[PDB]
Amino acid sequence: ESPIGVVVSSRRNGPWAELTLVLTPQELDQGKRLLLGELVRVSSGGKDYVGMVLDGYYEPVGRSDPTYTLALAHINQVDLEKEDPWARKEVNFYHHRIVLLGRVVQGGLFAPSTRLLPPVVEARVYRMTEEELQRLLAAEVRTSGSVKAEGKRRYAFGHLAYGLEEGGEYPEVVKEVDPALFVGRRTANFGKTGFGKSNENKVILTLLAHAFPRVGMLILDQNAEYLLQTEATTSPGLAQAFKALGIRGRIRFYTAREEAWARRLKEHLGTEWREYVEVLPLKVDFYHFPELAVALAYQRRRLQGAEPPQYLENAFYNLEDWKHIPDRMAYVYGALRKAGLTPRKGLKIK
Amino acid sequence: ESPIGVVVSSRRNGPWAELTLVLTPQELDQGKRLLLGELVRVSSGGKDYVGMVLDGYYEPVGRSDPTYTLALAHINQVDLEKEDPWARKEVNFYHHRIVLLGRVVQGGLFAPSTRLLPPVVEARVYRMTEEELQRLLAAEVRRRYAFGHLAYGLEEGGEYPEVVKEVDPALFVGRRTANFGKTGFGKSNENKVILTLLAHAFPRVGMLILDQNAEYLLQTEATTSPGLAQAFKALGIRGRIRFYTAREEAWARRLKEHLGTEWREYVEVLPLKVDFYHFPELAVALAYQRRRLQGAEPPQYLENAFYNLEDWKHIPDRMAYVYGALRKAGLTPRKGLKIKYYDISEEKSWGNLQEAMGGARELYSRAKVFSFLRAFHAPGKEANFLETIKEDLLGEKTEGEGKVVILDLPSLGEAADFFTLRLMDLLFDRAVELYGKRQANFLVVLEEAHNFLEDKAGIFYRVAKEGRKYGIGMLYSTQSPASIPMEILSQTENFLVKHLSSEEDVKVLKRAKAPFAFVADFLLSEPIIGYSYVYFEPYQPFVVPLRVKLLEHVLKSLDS
Amino acid sequence: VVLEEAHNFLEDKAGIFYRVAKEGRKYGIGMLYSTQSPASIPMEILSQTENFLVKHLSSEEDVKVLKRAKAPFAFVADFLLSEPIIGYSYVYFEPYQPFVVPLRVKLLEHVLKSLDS
Numbered sequence: 003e004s005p006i007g008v009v010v011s012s013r014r015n016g017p018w019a020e021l022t023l024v025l026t027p028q029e030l031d032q033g034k035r036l037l038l039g040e041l042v043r044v045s046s047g048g049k050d051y052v053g054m055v056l057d058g059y060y061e062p063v064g065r066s067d068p069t070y071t072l073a074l075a076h077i078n079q080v081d082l083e084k085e086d087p088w089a090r091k092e093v094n095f096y097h098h099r100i101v102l103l104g105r106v107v108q109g110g111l112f113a114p115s116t117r118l119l120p121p122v123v124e125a126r127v128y129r130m131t132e133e134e135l136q137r138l139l140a141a142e143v144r145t146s147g148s149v150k151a152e153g154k155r156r157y158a159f160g161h162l163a164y165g166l167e168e169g170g171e172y173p174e175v176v177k178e179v180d181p182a183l184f185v186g187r188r189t190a191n192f193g194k195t196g197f198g199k200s201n202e203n204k205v206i207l208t209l210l211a212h213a214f215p216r217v218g219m220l221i222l223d224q225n226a227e228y229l230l231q232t233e234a235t236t237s238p239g240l241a242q243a244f245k246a247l248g249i250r251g252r253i254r255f256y257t258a259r260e261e262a263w264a265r266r267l268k269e270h271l272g273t274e275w276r277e278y279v280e281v282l283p284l285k286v287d288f289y290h291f292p293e294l295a296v297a298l299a300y301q302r303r304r305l306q307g308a309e310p311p312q313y314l315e316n317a318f319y320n321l322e323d324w325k326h327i328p329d330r331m332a333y334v335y336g337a338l339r340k341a342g343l344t345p346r347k348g349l350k351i352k
Numbered sequence: 003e004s005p006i007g008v009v010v011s012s013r014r015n016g017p018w019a020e021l022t023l024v025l026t027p028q029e030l031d032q033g034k035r036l037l038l039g040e041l042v043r044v045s046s047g048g049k050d051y052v053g054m055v056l057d058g059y060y061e062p063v064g065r066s067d068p069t070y071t072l073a074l075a076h077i078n079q080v081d082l083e084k085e086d087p088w089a090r091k092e093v094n095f096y097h098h099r100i101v102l103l104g105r106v107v108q109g110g111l112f113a114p115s116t117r118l119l120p121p122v123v124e125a126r127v128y129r130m131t132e133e134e135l136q137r138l139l140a141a142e143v144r155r156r157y158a159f160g161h162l163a164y165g166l167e168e169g170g171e172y173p174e175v176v177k178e179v180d181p182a183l184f185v186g187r188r189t190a191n192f193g194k195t196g197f198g199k200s201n202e203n204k205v206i207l208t209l210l211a212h213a214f215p216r217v218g219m220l221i222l223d224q225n226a227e228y229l230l231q232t233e234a235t236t237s238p239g240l241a242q243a244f245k246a247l248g249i250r251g252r253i254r255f256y257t258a259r260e261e262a263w264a265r266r267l268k269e270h271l272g273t274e275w276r277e278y279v280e281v282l283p284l285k286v287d288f289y290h291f292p293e294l295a296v297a298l299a300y301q302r303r304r305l306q307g308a309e310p311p312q313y314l315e316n317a318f319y320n321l322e323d324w325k326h327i328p329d330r331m332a333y334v335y336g337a338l339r340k341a342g343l344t345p346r347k348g349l350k351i352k353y358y359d360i361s362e363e364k365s366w367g368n369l370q371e372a373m384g385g386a387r388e389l390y391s392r393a394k395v396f397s398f399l400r401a402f403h404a405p406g407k408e409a410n411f412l413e414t415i416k417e418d419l420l421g422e423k424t425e426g427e428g429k430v431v432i433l434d435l436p437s438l439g440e441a442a443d444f445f446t447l448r449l450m451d452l453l454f455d456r457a458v459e460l461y462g463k464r465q466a467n468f469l470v471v472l473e474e475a476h477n478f479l480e481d482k483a484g485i486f487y488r489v490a491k492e493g494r495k496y497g498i499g500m501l502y503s504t505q506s507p508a509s510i511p512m513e514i515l516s517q518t519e520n521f522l523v524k525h526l527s528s529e530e531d532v533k534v535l536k537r538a539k540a541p542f543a544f545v546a547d548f549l550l551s552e553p554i555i556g557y558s559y560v561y562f563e564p565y566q567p568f569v570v571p572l573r574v575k576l577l578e579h580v581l582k583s584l585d586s
Numbered sequence: 470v471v472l473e474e475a476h477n478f479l480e481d482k483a484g485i486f487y488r489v490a491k492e493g494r495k496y497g498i499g500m501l502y503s504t505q506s507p508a509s510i511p512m513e514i515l516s517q518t519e520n521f522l523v524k525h526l527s528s529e530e531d532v533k534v535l536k537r538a539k540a541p542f543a544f545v546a547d548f549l550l551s552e553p554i555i556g557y558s559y560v561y562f563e564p565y566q567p568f569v570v571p572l573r574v575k576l577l578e579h580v581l582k583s584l585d586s
């Protein structure tokens, strides 16, 4: 509950106000440190600002020659810690750079940046507490002189961390998201492969399903990972999440391997899985939809030369007119039969 | 009244003169400060200049080692305020930079910049008063409505509700206005205020609003900010709004709810149907777009037609094939239409022509490519909204008195861009035809401008370049200024800039206009809603930061 | 609409998926897309996205496009290049979030276990 160091300078660098902090031998020996990207509190003239640690470097303080001092101590086989602490007290300093992001005012509004530059003798830097971090992660930009809306429920999405350093993780400082941020808007999930994309997406989809039961989803499962846990992991899928949450009759799974998928669903959801997932086929009878077959054959790979066939082109448009003439429809049905599509039992042409 | 600090240096830094100010420990202890971007008075040699605070930094004064002194005081557990009043007296200085913008002369005129550089012992810096700020905001280089009031960020002591900037709503008529800013920071309110002021002040100027977001007619489902129809109802303007849409029933159900049972006195709802026997270029282009979106590789005949229909228009043999293609697709023509391969409208001559009958020949067979056009097809010329809007905005009978045409672009789906481009081209051609007899005298309200101004061979680009000759004004919003050509950026007359999320977007502003060099850094790190930087050429000295008034208050002031 | 490997579908500016990503907000259609390569996504789509969840990226081109699209991501671009941490994300939701937030995202197991209480 004390200042971390001493502020020795401040200025305006580009669009941001920054200040310089010096950690002295007392702080350094007591094990006090600042992490890059850490959020701190800055008090200046009875007002609190949010600051971020941007830099750290070593510089001499006063009239000293740290290189010569340390080299001489090393040469003379002198231990600075146990022996001769007076020379160790004059080199044990460190410098940090801190940017002022803004401040929290009124009932949680965020006022960004600042137009007031703090004098050196006024500013002080404090380590932010857990409650302050919780109140800071909930601040939002808003119209001045208004009142926060409040209301709709929020869910925990993650907790604050500063990398993999010990002491840089705050399991109690969670960020809570209103799932309405995801409905009707665009979300981008960037990053390399294998770093958490699937878990993030599944959490988002589960939160949407729990909070907005009237919003549907169309998932184009290219990797086959949004229904059940994969053999190369044990993270549950949407079907298991919905079974845990008690949501029935919402998942319609369209596939062409219904037997295998139902086999897996039986083992992963029990004998009652028909109440949570509904399996449907991705196969069609081309004798009922000859236009689909024509379009498929017309829009195929077209290796090398990109010239669609003229006969297929003509058929693509005129097949709808041909349907009123059995003499013309018999050729299409015979084409399918000769290609090798097994018809129904009792299909009759004229 | 006394000077703030002491001037210790001056110089010329590029196209401007600047000076350095120092605040001493006594003044700092008294609580005196300078806000960045604040306007101050500079007295030098009997003359008064306007200055702006650009910078602030800490620097040692005299012979001292502030870092060593402060570190040692911290180490020894000493309180400077109490235990050592003298150690705190040698390190408590602060430095500021002030740029001289010009001076106010004679009868409220402004002389920009300066050619004299003040000696250090002559200059003094004073804090502006409200009367001086009011007189300075009205100066120009050579009725009105309140637009906003002066404010410096969100800082306490940086807002002046009485320092109001008032604009004559004639700097918007016939000129170019740019509205830049991130989404959700005041663009809608600013645009609606400008349009309401224009409508009230000049009842003889028409508007063409290309409403991509459907937000200008009625209050949206998010906020309660009044729409333009409700503003007109409040102001008592009758018989001026023509709303073209493809969902007249749905829109008339909302209009009654919001405007009462008399809503028909303020708005006329009209359909958005066209005739493809008179605009077959739209048919061909829409078919071409409808392909390559459900796949790829538009056919050779379709690609040929898309480019050579204009040449086909002079060969009746080739034109008849396109007309027959539309007729087979099933678009009802108007009675009396004939081709010279025949009364295509007549139910019997069509059979003879079809039995009687190249790229056009190939396109004839594939007649179903136009089927979807039946969604927005209608025969005749009274149905043609392209013609109806043309007479609404440039009619011989409807001279003056203004008309506000608003398009419901979303209801058009995929054809909105083509329809808008065709309408703009038609209107520009008519306005060029009318030159020498009367002026077009209307304003085009364009959203997502970066999509239409990108290419220099476009109708909207040509309108931006040459509209001022025929009295056509433009008001465009883009949110991404870096996508707008620098010629248009430099030729634009009015600028309203809000918080921008891109450094390149901020940079282009200064590269286009020099006076915007002093606010670029503020724009990139201050997400404030309703806070704008305004610059109206050619009589405004410098950019002014404003809190813009709301439409509700503007209406409440206009009523009385 | 939940779409994977969005760079295969959003690159074509005459395509239905580009059209949906550009105009779907007018009809109440959202989109959630994952690419692992922002430099491939068109800048017009990037500038119009609302929510960002960014994990480790190994390409300076990707970091440059990220910072060009969204200025607030300039404070963490150096961490993103040099720190391959699994489960560590930088989140930014528009338009009223002050700064980008680094998070350990909760696991689905924990979310399910806490949603039943």
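Residue numbers (the authors' numbering), protein chains in the order written: chain A, 3 to 352; chain B, 3 to 144, 155 to 353, 358 to 373, 384 to 586; chain C, 470 to 586.
Every residue gets a Cβ at the ideal spot worked out from N, C-alpha and C, and that includes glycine.
Same chain, Cβ closer than 7 Å to residue i, five either side skipped, listed in chain order
i, result
"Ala386 of chain B", "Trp324, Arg330, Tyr333 and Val334"
"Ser365 of chain B", "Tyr358 and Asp359"
Own chain residues within Cβ distance below 6 Å of residue i, not counting five before or after
i, result
"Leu501 of chain C", "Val471"
"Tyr96 of chain B", "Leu25"
Delimiting residues of the alpha helix (DSSP H) encompassing residue i
i, result
"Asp531 of chain C", "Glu529 to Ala538"
"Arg155 of chain B", "Taken as a continuous stretch (DSSP letters only), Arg155 of chain B belongs to no alpha helix (DSSP H), as it is neither H nor E."
"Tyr70 of chain A", "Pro68 to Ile77"
"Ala19 of chain A", "Segment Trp18 to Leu25 is the beta strand (DSSP E) holding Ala19 of chain A; no alpha helix (DSSP H) there."
"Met512 of chain C", "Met512 to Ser516"
"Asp418 of chain B", "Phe411 to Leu420"
Straight-line gap, residue i to residue j (C-alpha atoms, nearest Å)
i, j, result
"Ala125 of chain B", "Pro17 of chain A", "28 Å"
"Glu178 of chain B", "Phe544 of chain B", "22 Å"
"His270 of chain B", "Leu230 of chain B", "8 Å"
"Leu36 of chain A", "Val55 of chain A", "7 Å"
"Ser361 of chain B", "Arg216 of chain A", "49 Å"
"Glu552 of chain C", "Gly165 of chain A", "8 Å"
"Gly7 of chain B", "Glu132 of chain B", "21 Å"
"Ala113 of chain A", "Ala540 of chain C", "18 Å"
"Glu422 of chain B", "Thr257 of chain B", "25 Å"
Bounding residues of the beta strand (DSSP E) (the contiguous stretch that carries residue i)
i, result
"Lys177 of chain B", "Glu171 to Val179"
"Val570 of chain C", "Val570 to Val574"
"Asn520 of chain B", "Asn520 to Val523"
Sequence-distant residues of the same chain with beta carbon closer than 8 Å to residue i, five excluded per side
i, result
"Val286 of chain A", "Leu294"
Report task. Using a Cβ-Cβ cut-off of less than 8 Å, give me the residues of the region 229-255 of chain A that come near chain C, in sequence order. Result -> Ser237, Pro238, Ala243, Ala246 and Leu247
Query raised in the report: Of all the residues that make up the region 92-103 of chain B, which are near chain A by a beta-carbon distance shorter than 8 Å?
Result: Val93, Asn94 and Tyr96
Query raised in the report: When you check each C-beta in the region 24-47 of chain A against every C-beta of chain B, which residues fall closer than 8 Å?
Result: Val24, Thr26, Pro27 and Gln28
**Report entry** Contact list for the region 51-82 of chain B against chain A, Cβ threshold 7 Å
**Finding:** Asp57, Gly58, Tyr59, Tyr60, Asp67, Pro68, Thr69, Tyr70, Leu72, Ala73, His76, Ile77 and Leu82
Query raised in the report: Which residues, in order along the region 197-221 of chain A, keep a beta-carbon less than 8 Å from a beta-carbon of chain C?
Result: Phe197, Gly198, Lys199, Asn201, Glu202, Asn203, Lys204, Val205, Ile206, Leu207, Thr208, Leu209, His212, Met219, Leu220 and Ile221
Query raised in the report: Does the pairing of the region 163-174 of chain B with the region 510-529 of chain B give three or more beta-carbon distances under 8 Å?
Result: no
**Report entry** Within 8 Å of chain B by C-beta, residues of the region 506-532 of chain C in sequence order
**Finding:** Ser516
Requested in this report: Anything in the region 160-183 of chain B with a Cβ closer than 8 Å to a Cβ of chain A? List those residues in chain order, please.
Outcome: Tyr164, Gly165, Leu166, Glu167 and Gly170
Report task. Determine, using beta-carbon pairs with one atom in the region 180-189 of chain A and one in the region 473-484 of chain C, whether at least three such pairs fall under 8 Å. Result -> no
Requested in this report: Could you tell me whether the region 386-404 of chain B touches the region 211-225 of chain B, where touching means 3 or more Cβ pairs closer than 8 Å?
Outcome: no
Query raised in the report: Within the chosen definition, does the region 80-88 of chain B reach the region 509-523 of chain B through at least 3 CB pairs nearer than 8 Å?
Result: no
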